[PDB]
Structures are given as C-alpha cells and as structure tokens.
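> no FASTA, just this:
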DNA sequence: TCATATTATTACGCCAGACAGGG
DNA sequence: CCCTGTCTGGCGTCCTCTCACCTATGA
RNA sequence: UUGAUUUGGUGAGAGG
Ligand SMILES: [Mg+2]
Ligand SMILES: [Zn+2]
C-alpha cells in the first residue's frame, strides 16, 4: 500500500483527483484572442455551481440553497445571465493530458460556447502539442482569490509567449497562417497592376479588394515606417519602397517600431518567427500579443482567399527520372557481370550498389527539385523570364508550413533505399514514388521501415517519461534564494567546434548569462563590459562587433549559495527578459526542459582544412625533422585555426608523431593539407640523431626473424 | 452472366490482372477449428475423440474393474441463440457420453468380466459456436482469438553478445514439448556444456548422459573420434588420416617412407593433405612431446598386477606413458580435440562432473528437481523415467515430432510422442556442431517456427485438463467401489469438466468481448492472430524484434493492420488468402510455375517451404499464355527480394491483394498511401458507427461484397427461388424445384433482426432489399444488415469535399462541415442503451416496484403505468423515472428507483421482465426483480465529433456552417465538407487525392446518367452511355454483356446508378492516373480534377483553382457527448477523501504528477495549494470552502490532506513511529 | 451454517550490489 | 588477498473510455 | 434533522 506506482505517494499524495474540473474534446475556434478560450455552456454551468448559488442568493431571487439547486437543475431563463456574470474575469486552467513542460497548463478566460467542445486558440496549440485529431483537455477552476490572481498574473496565455527552455517564441504561427502569409507576401513577374504607384497601404488593400490589382504584383508604395532611434521617441520616416501589394497589406498590421524590411522578404516560417521575436525584443509584450493575433487573423483570411489546394498534377514527375533509373540499372548490370566473373569481392559489390543508388537518388531529387522550384516560366511584356513556382506542394514545402525536402522528395522522386530490420540496407531500392504506384514488394519493404518507427515511438515514450521523472526528483529542491553569492568563479564559455565549421556561436552560449570577471576587449586591457553585467542582445552585439574570444561567465555549478542558487549565477529568466526573480523554481523548469525533448530524440586518414586562416598550436612539444616538416613529440596536441580577427574558428587533434605540412603562427590557403600521419603504424620517432643499437634485442627469445615473402626486405619482428 | 442482385448495380471494376483463385470464406479459421473440435471423426484425430481415447479405458490399480468408452453425442441446445442472448444463459450443448463399466473377478487380465453396465451419462455442457464464428457466453457475445506461439520441437538460439561482457557467444538449445517438462542445453563461457530442466538450477550436461545408462567410454565414443597410437619399434607411432591436420601448426618433423614431407614451423596446408593422401601416409613416428598433452579415450588396466593404469578422460604425461607402455596395452586411443573444428566440450564437461555412475547421476538430478525431501533409488528412477519417457507427462505432439525431426535433418516426420536416448544425444550433437561452425541457429520470428493455436485446440486442451481430473476422480471412486450397487454417476462427476471449460470460455486472455459495431469489425476481430495469452509473451516486456515485421509475413500476416500503442505487432491480423496448415502453420497460396508457362493451378506453402523455392511477384506482366513478357522478373529467393531470370521460377503469387488483410484491402489506392497512414486508416476503419442510411462507397475495391456476405450480418438466401414477401415480420421465399427436396415441400422463412443492441451500443438492424415477386438465386443477399447497401459494405458515406484552408476552421486536422450534411441526417446514428433495475432483498425486507414514489411529488408517476414502471415509448431524457423500485424502512423510505442517466435522451424501445415469480417466466434463481429497459438515443453530428476517411485523415469536425457560407462552384452546388491540404505533404497519404478525383469522376457519370434519365430519354441512349461507361480505357476484366439486359435491367441499373457510378479500384492493381483523367473526360468535368470555386461569404472567386471531389468519410464512435464531463461537487471514495474517477461515476479529473510539476514550474503556490487540499482531499477545508464560496468570500482555510493521515496510519501500522513535531 | 486455514510452471533487459572462488 | 563470474533485487509513460468477473467446504 | 455505493482488484480492447 506504500510502495510502487500505485502506492500512496505516487497515486494519492503527489497526484490527486480534483473537484471543480472537467474534460472534453477540443476544437479550433479561430475567432478567439489568445487570452481566451471557448468553454461550453453545460460544462460552465456544472463547474460554476457554487458561484451561481452565491450570485442567486445575493440578488434575492430565491431563499434557501435548495431553491437554487432546483433552479439550476431546471435551468431557467435567468441563470444564464448569472453565468455570464460569474465567468467574466475568472480564468480557468486548460491542461492537455500528457503535460510535459509548464506550457501545458495555461490559464484562459472563458467565452461561452453553444456546443460540447472546448474551443482552443490555434497558436496556443503549438505549446500544448495539441492537434485536433481527437484530443481531449481538462479544465480546472481556480477557486480562491489568490489562485485567480495566479492564473491571471503567472499562468495566463499572454504571459507564456517564450518557451522556458530557450529564447524561442512558443506562440509561433504554425501551419495555415504561414501559408497565407507566404502566398500573400510574394511576387510574380506579371499580374494585374504591375508597376503602378500607390499613395499608401490603405489603397493597396482597396485595389486588392475592388478587383484592380493582384495580391502579389510588384508596385512602388509610399510607406511610413517609425524608427525609434532616439531614447524612447518614435521618429517617422516615410519613403517609397519597391515592394508588392501584399507586403503593403501586411504592413497595415505591423506595429509602429518595426522597420519595413521585416515584411519586405517572402516570409516563410523562420522569417515570421523572427518577426515576432524582433517585435518582442523591441516593442515589448502588449504589441506582441495584439500583433500575434493580427498575424493569425490575416494569415487565416488570406489563406482562405488563396484557395491553396493540392492536386494530383501538383507533384511533378521529373522527365529525367526514367533515364536516371536506366543508367543505374546499366551500372548494377555491369557490377553483377563482374560478379559472375569473380573480379570483385562481395562486400565491395554491396558497397558499389549502395553508392550508385545513393548517387541516383540524389540526382532524381535534384531533377524534381529544379522541376518544382522554378517550373513557372511566364512572360511579362516580351520574352520569357523565370521565377520561383506557385505550385501548391512547393509552397507548402518552401513556406515551412508542413513538408520538407524529404517528404516532397518521396512524393515525386524515388523514395530511397529502405532498410530491413536487420539494420543493414537493402541493395534494391524503391524506385517508385507515391504518385506512381508502389507494387507489392516495394510496399512490404516500406512496411519494414515504418513498423520499426512506430515500435520505436511507442516504446521510446516510456523512457522519455521516466527520464523526466528522475530529473524532476533530483532537482525538486533548488530554489533561487539569494541575489549574489559573492564569487569570482565561473565556467569559460567558448564556441564549440568539432572539426567542421564552427557549430554553435558564442552568442548562443553567452546570451543572458552574467559574466564572472570583466571581459577584456580583444585589443589591449580595456574594460569592454563590466564584471557583473547581464549579457542581453545589445551587449552580445557589442561582443560580436569586437570579435570576443571567449567569456568567463558565471555558472550554476560554481554558485556559493548554501541550499539554493543565487540570482546572478543562474542568468536570464528565459521567458522573461530580465534576471531570474528571487523565488522562481529553476530546478523543475530545468528538469522539464531537458526531459521534454526526450520524444524527438532517437532511441535505436589526415586533416583537410576547409577555410583560409592562420595556424596556432596548443599542448605542443615539437621538433623539426631532416626534411623540414615539424613533427610532434606530444600526443595531445590541439591544432587551432585562428582567423585574422582573433576568434578561434577551427580545432583538431593531432596524434603523437604526425607530418605537419605547416608550422606555428603560419598563414595557409583554403583547402591545403596541413597534417599527415599513419594511424596503423605508431611512430617511435626521436628527438636527436646518431646510430642505432639493439638494446636487449636477441633473435630467438626477445624478437623473431620473419623475412618478408613478397618483397624480400626483411624486418626483425 | 450475373446473379440478380449483381445486375442491380454492377460496380465498374478496374484491374488488369485476371484473378485465378477467388477469396476464401473469411471466417474459416474459427469455423474449421471448432468443427474439428466437435465432430464424430473415427481414427481419433483430432477432436473430442482424441481426448476420450487418451483418457479411456480407465482401469484402477488392480481393482478388477475397467470403465471403457463407446461413443459420445451432443443433444439439442435447450435455448436457441436469440432467446439465449435475451435470457443470459450460455449458448451450450449437453455432452451425452456413453460409458460402459465392466467389472472383473479375481485373476482376470484375460478372463471375462463378471458384470457389465452401460449408460449415456452427462458430463458438462460445452458452448457451441454460432454460425458466424461467435460464442454467447453469459448473454454477451464473445470471440476466441487465435494465438501465435512457439512450435514444439528443438530450437537452437544464440544470444550472441550481451552475456559475459566479452563478445563471446553462447549457444543454447531448447526442446519445447507441447505438454510437459522443458529441457535446455547451454554453453557457458568456460566452454562447458550445461543442462537445465524447467529453468531450474544448472547441471553440467553429461550427467543426463550418465542418467541414460551411458558410461564415460560410451560418451567418448559418441562425441569424439579416436586417434590410434601403436606401440611399435620406437616412440609409439601414430595413425594419421590427413584430415585432422587442417589449419594447424606443424610442431614436429612430419616424415615417412624415407622422405621428409613437412618440416617444423610451417602450417599444414591442404596441398600438404593432398601430398599425404597421394603418398598414402598413415603411420608416422611421433616425439614424446606430442602425446604429453593428449587425453585417453577408454580405460586400461595393468594386466599382471591387476589394478588401474588410467581412467577414461585423463590427460597424459610422460610418466603416465612409462606406466602404460610397460604394462602391455599396445593400442592407445586418444581424443582428437581440434581447436578449430572438433572442440573438447564434452570432455571438459566430464571433468566438471562430480558424479561417476548412473545412480549418483540420478541422485543429483533428483536433488535438482525436488529439493529437501531425500533421494532414494525408486523415487529418483521414477522421476527421471517419467520426466521425458512416459506417455503421460511428456508429449511432443505430431507438430513437435515433425519440427524435431526436421531440425535434425531426419528422414521421417512421424514418430512417437516421447523422447528417447538418441533424441537427446542428437540435440547435443547438433548444438556442438553449431558451436564448431557447421549448421546455424534458428530465429524465432520465422513463421515456419511459429504455430497457431485456434479455438478447437485451446478448448481441447482445457477439456483434457477436465478429463484428467475426472479420471483421477474415477480412480478414486473405483478402489472404494462396492459392486453391484453403483451405476456410473456415483463414480463420474459433471462438475470439473464444466468448470474448466467455462473457466476458459469466460475468463481467459483470449476469450474476449467482440468488437461489434461494424461488419468489418466483426469479420476482422474473428481473423486475429495474437502473440499474447497463456504460454506467450506479454505486452509490457517484449520487445523489439517480435514487434517487427519479418520476411515470412508475406501473405500470412497483414504487414500494415496492427494496432498502434502498447501492443504493436503482437495483435497481428491474418491475410486475405492465408489458410492454416494441417500442423497449424500459416500456408498461403501460390501458382505452380512449371516452365515458361505460368499454370493456373494453385499450391499452398508455409515459410519453411517458401525459402527453398523461388517465388515470383503478383504483378509481373504476362500476356495471353502465361509467359513472362520480360526475360527477367523480380522474385524473392530466401527472404531476399531480388531479380531473377525468366525461366528459373517455381511459383508465382496468386493475386495482388494477398499481402494485406480484409481491413486494409478495403482501402482503395492503398499503394499510393504511406504505410503509417494505411495503418491508422485500417485501425480507424474498424471503428465506424453504422449510419441511419447506408451509402455504397463510390471508390471501393470490390472486396466489399465478400466482407458483407461472409460476415453474417446480411440474410443470404439459403435456397434460391421467388418470393411471397409477407416481410413485416419475415421474408418468405418460395424455392425453385431443382433446389427443393422431394418431401418437405418447403418455403424458406427468413427472420429479420430489427432494432437491437450491439456490443458497442450501436444499432444492428436488417432491412429487406428485395421486392415482392422477384427472383433470387442461391448465395444471393436478401436483407441488408448494418452498414450494408445491396450486399456491399457501407461503413461511412460519400461526400463532396473541397481541399482548401477555409478561414482557419480546419486548422490542424479539423474538418469543416456544411449544414446540408446535418439537415439530411446523413450521419445521424442510432445508439441503444440497456438499463437494468433489480429489487434485491439486501436487508430489512425486500425492495418494491411501485409508482407510489415518496417525498418526490407528481414528478414520479408520469412516464409509467397508473401504478408502476416506464410505460412503453415517449421522449425520456435525464432525471426521469423508468422503474419505480424503492423499499419502506430502508421519512425513512428512499429513492433507488432506477432513473435515466444524466445527459441522455431517447425512446424506450423495449421492456423485458422475467422478474421474481409475482410481478403483475424463464431465468435463473437468486436475483428477484429483473427489469431491463432499452433506450435508443439518436445522435446527430455536432462540433466535437470525430470523422475520418479511409486513408488515415482523422478530424474533429469544428464548425457546422450554414449552406450559404460554403464554397460553391459555378454550377451552384455547395461543397459539403472542407478538409485541409496541409496534411497531405507531411502525412504522405496521397491516396485520398486520387480517391477524391476518381470519386469526382464517379459522380460525374452519376450526374450525367441523372440528366439522361431525369430529362427522360428512351433506353437506347442510356444503354449506349452505360456501355461507354463500362468499357472505358485499358484492358480490364469486366467489360459488360449489356445488350442482354432485356430493356428493363438497363433501366433498373440506371435507377441505381443515378447517385453515382460505383468504381472498384483494387488494392495494388488499381486504376492508373490516365484512366482517372479519361473517366473525367467521359463525364463533362475538368481533366485536372480541380474546379474554380467561389466563396459563399464574399461571392468572389478563390484564386488558383481548388480540388473538389467525393471522399468516403466515416463517423467514428468517439462522440463528443460521451466525452464531455464536468464536476463541481458530488460523491468520493471510501478509503480516501478524494473524488471518484470516471464519467459513469460522477467524478473529477486526476490532477496527476506532471501537472503538479508544471504548477511548481510557475509560481503557482496558491493554485497548487487549493489544487491538492481544498478541491481534493481535506474535508474541513472543502466544507468551509463551499460555504465561503456561496457566502461570497473566495478564501480557503486549508488544513492537512486526509490521504496524508492515511499515509501516517499505514506507515505507523508497521513498526514505524512517524510523528509531527513542535508548533 | 459456521468455523478450517493453503498446492500441480518456464519465454525481459539492463544495472547495480553483494558473495564465494582462486592465482 | 585483489579480480571475478554469478546471483539477487529493482527499475521500466502519463491522462482517459468501454466491457466482463469475482473461495470451497458440509455434517 | 431532508437521500445512497463504485472505487478495491484482475483480465481484455480502445483514444491522444
Ligand atoms: Mg493527435
Ligand atoms: Zn552564486
């Protein structure tokens, strides 16, 4: 009765069943503002029975409590006004059933629904991982007054617009709205109203609505962008931008402070995400909430006006696809004719077949990708001119709404080389896509490849959940409890480099973390930033201008606070712009932010330089050989490639005894080989010269005589 | 030629490959298994006769009486199936067994018995199977699901990597009997051979050889070959066959015949072996360092002194050679222990063995098996001689002996059920051979190594359990038997057999409640192959490879119909053409291919036969003779799909449906969908509710007919003929004379099952689809069941669907529906609820059925009689009264009167009452007042329901728009349902678009026929257009013989086609795209499939024309007013003070653990405090809070949770003193 | 009805943690 | 006496919905 | 002072 998953701790004391709670199937309702959700009248009259009883007893309509329970059991004509007067400013906690991180419980204001389904604002769905394929959510009512204020001031859906795991906005517009924007702000080389001039964005929308221009038709407009270059003062600058009609119509919705160049591009999904991010960093919270709603409304409206279907003709088969398959069939015919005559080995045959089918797969993908990305060729006033296509599946791929390169590849080009459950690949690919028919064997190999994926997700989720449990029970205690621990120690944040191009820049690692000692400017001994400044975006831009090497920054593991973490050694709040407040539980949000992506994770010669810069060596003890190539007498030598500015751009590990084509502090060319060794032969190279003696080397007991067969130059083994 | 309901509406059948084998009867697994169980089959195999011939004749321990068997029988069921479902009894039959007791005198093995007696005794009742493959166990209709388990017979498994943490492989070998003790052999990383019995302790394996009366020398004779050292002129020369030197280093000087063959240092090559065989080299003189490591084979004793020189399996040293050389044993037999091939595993196991003779071997085995209790000669010998060698407690069946002889490459396949010495020795030899290198392991997912149990086998095993209990009872009564004063029912007892067989058919992991909401769902729950159950693997443990699809599933198990979630790939569903082998394996049809010409003869194969042959592909182009039109064709050799020549193949696939099952071969354009979305599509297609008006999929596959007939939901005519059609109650069919018996003049009267409850509260209802005075043939359908339309299979309905974003109302997967869908009642399904009321005599007198309902006023006496119980049929809702059922002394009187649950409406369709003999009948005792009331809610469609197509496109219907706001094309018709195009590039289920275009073309032909028949034309133009519609395109199978339809069957066909011409697009040989375009050109529709659509709101054109077509959309039984729930305050549990759980219990939401972590992640300290103290558990806190709310004071007085004090008392009820400290 | 008191299957996969064995 | 196979215990995802089934004995 | 039993526990199936 104590232990286990169903004891008292895990089943009745940590998790309890709860009154004033409800549950139903969700649906969309896109008319909502993002602080409110739809909630049915029947659930609203059941969850709010005591508030309705109190309201009915206040007016004087009834007397005893019984009378009120008969009134709402009968549901007379007067209790719905009582219900709209108990709802009004009273938030509710919506909760999707697998809550993984804190954005899966958010507080809304109810708007009453004729119906039996919770209407949930669409942007908020990307926080809940809630699609609408049969999902269900629970509603909880904050009873007391402190809980209503916590739902409005901490857990309201307008307050959760940044994910706590990072700095990325979580109210990013998901799928229909980015298609509506990508169709709206685009262009074509001829439309109605090509190259006419417009006195404002208002008559741009008036020309689109009356039927005199097109939504994408390039046009000089006169827009007035407000740049706030002073200290909190918005300065108007008006100019003529060569833009389209749709970019002016979308400029009618952008708030004042953002520049016009945030809408001047084509606006896929990454661009609209950084649009909302720059709006949040400049204009704050309230314009970003109202602008997120206006983005969603105009995306839905012009996606409705777009009529962006999907057909069978939209998946354009490459004309070059059949000749590519026949050239691959001729190549496997040559390899198997060598296999009948035994010239090549079996593993080299299998490797050659997988290599030519990978090459033919890449060529088929490039054929279809050219045939989709620039298929439209329309003339304007004369000879033809090409542009990016308005194919429907290509806008669904290029916009980033739904689709990638691989999925649009499998609908038009060949769907690769599927792998059997043995783990090794199958030498005969699936040359037929989905627009052509798969025959029987090809679909069966496909089912191998997809049954493995479904089994992996349905067994992966248990380990992901148990990982989140272990993480929030090791964290469980750690609360921000001071304001400064009073130290000078902290870890040394450098950009990380594996050996390719510089993977994660320093601005991703030292964004919003308080420096340990004051960072010297890279010239000489300057106080560039002081020693306890939070590094927000302005400081990080003044770090990127000066090309700062690495920052000694304060880390949580170096915090000197007994029983908790001080407010500076944590860093930025991450979903609030400022430092972490005294109190906010960081262990639980950290454990959730590590364990929450557990589902997306999977479950089951020499050095060639790439760029062109300067050489530097670390952990090096070296010697010049007879020929001149600086060989190394240390195993653990790090070969860095430093640029002309001071930051470290490349790093490699060079073994004991390697032939370096270059030396210390030298300038090289891009692509020149600078290192060489033999890993199958461990070098026993020296420091000095002289003659060689065999000390304790006796043939017969110590060493042996193995004269070489095919060469004759013997060696004492 | 066609039958007469085939000429009603003949579906346009694409499909190029001529089918050679028609689809077998889809319920044949269940029916053939249970027809094997009950059948009078002489020669004994298989059935109930096998059980009676195993258990009988019973003779007691020399008690001079021997009860023997004659014959058995099953009488009539006392209750036919309908009144059996109504009453609640099992649908069973009494098992009348003739038993003949003969009783001996003293000294009669051969003497004639002194007296006989014989009677038709009664043991148990066995549940018969309904004609559709179901049981009726206790009123409810259940299905036994066929198991998939490991075959009996030896398996050589490896476990190559994980043990020893050193990369050293092991090799174990399990001899799995069908009934009895498990025997496993296994290596250990010291390269020693170990036996274990029934997963017990580990014994070194040669002790079992020493238990079979084998001395050490006989064991070394078995597992080792002898090397002969002859004592000769000098240094004790060696016989050397040159095979033994293969791959080793020459340690000494290899010379003979005055010639140095191979010197020291170089390894012996096979050319040197050829030199020694050409030079005829056997006897060579060895150094003394060569014998100084070898091991003796047999024993040798010093002859004159009379003592032992060396025991068998002893390594040799030089002084041991000085011992044995001087005695006079000239031959020395040594064990050839090759480090490469012939390893010394048995010999080192003999060195591990602490035993020496047979008796100590049996004592050690008895101390392993049964510990504590002493090991004496009789007890240990009886144990080991009945472990494997008696016919009672160890029995490899015929399957087990076939697999056991097949895995050891024996010639025969039939043998005795027990093991022997030679079988255990052969398993050890094959295991050693696998360790040496020759031969390989077996895999467990290979469906030649994986048998199917079915209903007859499982019920026969349970019946054999009951019979061995009743024979132990008969042996009990007979030795205490006094004669002649007993007749054979004081000996025998009907109780244990009935108890065991009702234990299996009631409470087992495979006798389970039938998914009955759909003809598809019935017919695909009966064809189910579960890996679970008794003796099989579990859901929460294993694994990765048994959840995965293996290349022997091609044509035996559906690759794509397996339920997603916790059990994927354990609950496999059987393929369309796959029968079951004689031994229980899965054999699938193939077409025998002797030479170039592919012959139309079929031939069935299992996976241990499919590997040897080369089997072609279903769709490989062959023209007019069977010759493959290419010179190379894709086949598969040994589970490897590869390209072979024109003339090498021995078999071809029969038809191209045969890979998948009957759930996922109803999906048209399957080959264009992804595998994941075909899985989700088939699993949702099982879940469809039957609509009120069944509607004929325009894009089907033609397998709708076989599923709708073979699942017994339609009233298929038994004997052909005409009709009398009284039908209000029953279809009356007059029989044609050729099918009519000479006596029993006879006309067939079919019973239509009208509105009644299914197992999933849906409505199963049959409607006659034949008129009066109309010819029907044998096998034709007469009454359309639930979800059927003229014998086809109509799960959902076909609706006009536009693919576009429409103002956000179809955002993620939502679906936006017109009002024309909800006005026409074209999804308004009918649900039926059974509600029981009983008035049991709990305590303080019996309860009572009277209208004189108390406290409650004239709001009780209303939908009832003048004095009790709901009248018959009104529009009852929630909070009404159905059966007044309240007691006095329970003012102190109360209201238990079964009412209507909260939120439901309906019409009382039926009231059953077999009550306590007095209500003013046939039922069991105990229960007194038994009133069952059948409501029938009619649920329409609403924002929040779930619809889905056949391709995996799920959706929660979001907005129910008016007709005006819909996107209308320029012809004027609104579109019915708007889906979302963004699902289609990601979820790669592109088949729904081809279904959309081809359904658009189907309704294009239907609109064209509706114009030609409404604006009425004489039938020449209709038969010309129908002939053009049925020719249409490439080489197909259908064409039609349309000029023989008598100028009226053209018109009745064209009356049944004016809603759209139905098109069969088969599974993998479906309609190509050019035929879709060509059919869209026959109708007057645009070729692209896309029409320009205007907007109903703004009246102005959508740019970039959108896709409109007809998709067959289904309503799944996840309805929103079965999920909507809310709770403010009501009842809680007993032990804890927290609220109850569920909806049927009016309970609240479990605010689980991760939600508490999410509130801790915010600063919600007060929200969490009321979330676990006031709202949930603390009783003083929640009563003070309810009074504080209704006063108008939102403030909580928290206190301590009650379940924590429950924790304190449960911890404190140990020896633990947990407290609560200082203030 | 009112006290009497427990036996003839096996088929997870790591991963720590404690224990007798032996160079 | 320090490595070492070997054995024994202790984990293994949250939320929800539907249905059926429940110890023998006994003067 | 104006009324009542599932949670308990197993098995099977389903949804996200
Ligand atoms: Mg979903
Ligand atoms: Zn600190």
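Right, received. Where do you want to start? Numbers count the residues shown, from 1 in each chain, chains lettered A, B, ... in the order given. Ligands and ions are numbered 1, 2, ... in the order given.
> which residue does the stretch 51-200 of chain B bring closest to ligand 2?
Closest to ligand 2 within the stretch 51-200 of chain B is residue B:165: 42.4 Å, counting by Cβ to the ion. Using the backbone N, CA and C atoms, a C-beta is placed for each residue, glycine as well.
> what's around that residue, how many residues?
Using other Cβ atoms under 10 Å in any protein chain shown, residue B:165 has 8 neighbouring residues.
> could you list everything the residue positioned nearest the centre of chain B pairs with in the sheet?
Chain B has residue B:529 as the residue nearest its centroid, 2.2 Å off, counting by Cα atoms, centre = their mean. Beta-bridge pairing for residue B:529 (DSSP bridges): residue B:146.
> that one and residue B:146 touch, don't they?
Yes. Between residue B:529 and residue B:146 there is a contact under Cβ atoms under 8 Å: 5.5 Å.
> between these two, what contacts are shared?
For the pair residue B:529 and residue B:146, residues contacting each of them under the criterion Cβ atoms under 8 Å, 6 or more residues apart in numbering or on different chains are B:452, B:574.
> can you give me the strands in the stretch 251-400 of chain A?
With DSSP state E, counting those that start in this stretch as the criterion, the stretch 251-400 of chain A has strands at A:377-379, A:384-386.
> and what of the stretch 1001-1150 of chain B?
Using DSSP E, counting those that start in this stretch, strands in the stretch 1001-1150 of chain B cover B:1063-1064, B:1090-1091, B:1106-1115, B:1125-1127, B:1149-1151.
> okay, the ones you listed in JSON lines with mean neighbour count and distance to ligand 1 next?
Formatted as JSON lines, the strands of the stretch 1001-1150 of chain B follow (neighbours: other Cβ atoms under 10 Å in any protein chain shown; distance: least, Cβ to the ion, whole Å):
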{"stretch": "strand B:1063-1064", "mean neighbour count": "26", "distance to ligand 1": "31"}
{"stretch": "strand B:1090-1091", "mean neighbour count": "22", "distance to ligand 1": "29"}
{"stretch": "strand B:1106-1115", "mean neighbour count": "27", "distance to ligand 1": "17"}
{"stretch": "strand B:1125-1127", "mean neighbour count": "24", "distance to ligand 1": "20"}
{"stretch": "strand B:1149-1151", "mean neighbour count": "24", "distance to ligand 1": "20"}
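> using TSV, lay out those strands together with distance to chain A.
As requested, the strands of the stretch 1001-1150 of chain B are arranged in TSV below (distance: least, Cβ to the nearest Cβ, whole Å):
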stretch	distance to chain A
strand B:1063-1064	16
strand B:1090-1091	5
strand B:1106-1115	4
strand B:1125-1127	4
strand B:1149-1151	4
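> please identify which of those strands is closest to residue B:510.
For the strands of the stretch 1001-1150 of chain B, the distance to residue B:510 is smallest for strand B:1106-1115, at 28.6 Å, taking Cβ to Cβ.
> the closest one near RNA strand E anywhere?
No. Strand B:1106-1115 does not reach RNA strand E (Cβ under 7 Å from any atom of the strand); its nearest approach is 13.0 Å.
> could you report the neighbour count for the single nearest residue of the stretch 551-700 of chain A relative to ligand 1?
The minimum distance from the stretch 551-700 of chain A to ligand 1, using Cβ to the ion, falls at residue A:599 (13.2 Å). Residue A:599: 16 surrounding residues under other Cβ under 10 Å.
> what's the neighbour count on the residue lying closest to it once chain neighbours are set aside?
Spatially, and ignoring its direct neighbours in sequence, residue A:599 is nearest to residue A:464 (5.1 Å; Cβ to Cβ, 6 or more residues apart in numbering or on different chains). Each residue near residue A:464 was counted by other Cβ under 10 Å, and the total is 19.
> just checking, residue A:464 touches residue A:594?
No. At 10.8 Å, residue A:464 does not count as touching residue A:594 under the criterion of Cβ under 8 Å.
> which ones are touching the residue of the stretch 951-1100 of chain B found nearest RNA strand E?
Nearest residue of the stretch 951-1100 of chain B to RNA strand E, counting by Cβ to the nearest atom of the strand: residue B:954, 5.1 Å away. Counting by Cβ under 8 Å, 6+ apart, residue B:954 touches A:133-134, B:680, B:684, B:813, B:946, B:948.
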